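**Student:** Before we start, here is the structure in question, set down as structure tokens.
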Amino acid sequence: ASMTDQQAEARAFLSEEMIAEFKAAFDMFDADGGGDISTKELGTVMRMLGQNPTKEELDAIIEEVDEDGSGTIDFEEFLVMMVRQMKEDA
């Protein structure tokens, strides 16, 4: 799929200091603690860091990451939501 391709570029866009900085903010909703939070909480982690995903983008991005089957977002795949939203917030 194109998600695995947008993943490598999504993490590379953020530096080591930003990746570790977003790690604690993203794990704020890690109910299980497996490097992933609820796809619905994906809007909170983006806002808690400083970005602002519109509600239309949250539902469109959640359904895209909800196709995995578990209903959660992985840190490596979620990094695309962080950079793609920060590309405008930055």
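Numbering-wise (the entry's author numbering), the sequence shown opens with residue 1 and increments by one.
A virtual CB, placed ideally from N, CA and C, is assigned to each residue, including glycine.
#1: My output table needs one value for residue 72: the three-state DSSP class, helix, strand or coil.
#2: Taking the alpha helix (DSSP H) that residue 59 falls in, what are its first and last residues?
#3: As a quick exercise: from 26, 58, 4, pick the residue whose alpha carbon is nearest that of residue 91.
#4: With DSSP as the reference, please indicate the residues paired to residue 89 in a beta bridge.
#5: Comparing alpha-carbon positions, which option in 70, 24, 38, 64 lies nearest residue 4?
#6: With a CB to CB cut of under 7 Å and the five nearest residues on each side skipped, what residues in its chain are close to residue 72?
#7: Going by DSSP in three states, residue 27 sits in which element: helix, strand or coil?
**Tutor:** Let me lay it out:
#1: strand
#2: 55–66
#3: Outside the modelled stretch of the chain, which goes from 1 to 90, sits residue 91, for which no answer is possible.
#4: None; residue 89 has no bridge partner.
#5: 64
#6: Taken in chain order, the residues that qualify are 36, 37, 38, 39.
#7: helix
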